[PDB]
Amino acid sequence: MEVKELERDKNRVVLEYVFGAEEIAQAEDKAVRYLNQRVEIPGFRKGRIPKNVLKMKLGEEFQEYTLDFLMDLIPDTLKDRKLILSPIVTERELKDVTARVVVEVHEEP
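Position 77 of the sequence shown, counted from 1, bears residue number 77 in the authors' numbering, the numbering being contiguous throughout.
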């Protein structure tokens, strides 16, 4: 969880929080949990739905939840700062794992 200051308009700042991997795990987990006590899935016991299920039967919604939990860590960061109004959240996004590789090919003619 490393934050980086973008712009500063006198007393109006705009910080950028970027969360680690493990951090997303826990956040994910808080989600998985938070949901189990709120939704029901045809084929599973109450509060027993696996993450693979939710993650696939929730679509980008589960992704939002995971982010929500990641937000909580924020408050506990501005403790030393003397604030006026509660910090707003301009934007946010969760980028899933991804791999890339380019290759060079030669054809006939």
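For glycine and all other residues, C-beta sits at the position ideal for the given N, C-alpha and C.
Which first and last residues belong to the alpha helix (DSSP H) in which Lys-51 is found? Here residue 51 refers to the residue found at position 51 of the sequence shown. Counting along the chain, the unbroken alpha helix (DSSP H) around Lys-51 starts and ends at 51-57.
Is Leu-83 closer than 8 Å to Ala-27 when the C-beta atoms are compared? Position 27 of the sequence shown holds residue 27. Position 83 of the sequence shown holds residue 83. Pairing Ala-27 with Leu-83 gives a Cβ-Cβ distance that is not under 8 Å.
Starting from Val-105, follow its DSSP beta bridges and name the residues at the other end. As a working mapping, residue 105 is identified with position 105 in the sequence shown. None; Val-105 has no bridge partner.
Of all the options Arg-33, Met-56 and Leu-67, which has the alpha carbon lying nearest to the alpha carbon of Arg-48? The residue given as residue 48 occupies position 48 in the sequence shown. Minimum Cα-Cα distance from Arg-48 among the listed residues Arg-33, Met-56 and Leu-67 corresponds to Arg-33.
Determine the DSSP secondary structure at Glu-7, reduced to helix, strand or coil. Along the sequence shown, one-based indexing puts residue 7 at 7. Residue state, collapsed to three classes: strand.
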